[PDB]
């Protein structure tokens, strides 16, 4: 509409994100388009405008600001602040494991975003490193797109809770060691989460403090009620695990 599409980057759940120039507002923004009018159906319509409304209610600074949303030309849009940086997924591939304080710094900011989300009643079922965008000075945003996998999934999700705390702890693990806690294929991984002994990160890389195994053990403890209640408490413990 008032916008003019540009480079296809980002691949959200229901929509596909483009970079876009807001010609009225005279700035470059990220714009998600729920493409091809899949939500002619009111069930998609109301849902993706319900959580769009909760998204722009958020005030936490590690969540992308929402500029605007509504309809133009039948198409439902969400206009948001454009951010630069790389995936945690991209970092890890290209940089190996992170120095623990860096890992912690990143986990702290995303857990913060997650807590805020939960608090406004838009709980994320999980986190992928591919949903973590690291900017200038290790500033990280939680984004809802790419450019879900079993590597980061709590067991309670497979049958009949806040599962994001579990996910974040897998993500923390990966930042430390270099790889997700459970390897193998979808079957063996799914099983590993239900059953395999939680890994002890210090037993992999040299420079990882002991206190962390406890954090990971708690953070991806088997019974949901044994884990941290917030990502904040995760963060706190993680932080405290630097000697």
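Positions refer to the first chain, counted from 1.
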Of the deposited residues between residue 99 and residue 100, the number without coordinates is none
Of 223-231 vs 9-17, the stretch with the larger average CA B-factor in the entry is 9-17
By the entry's values, the third containing the CA B factor of residue 81 is the middle
Residue 131: CA B-factor among chain residues, third -> lowest
Of the three thirds of the chain ranked by Cα temperature factor, residue 66 occupies the lowest
Residue 159: CA temperature factor from the record, placed by chain third, in the highest
Residue 109: CA B-factor among chain residues, third -> lowest
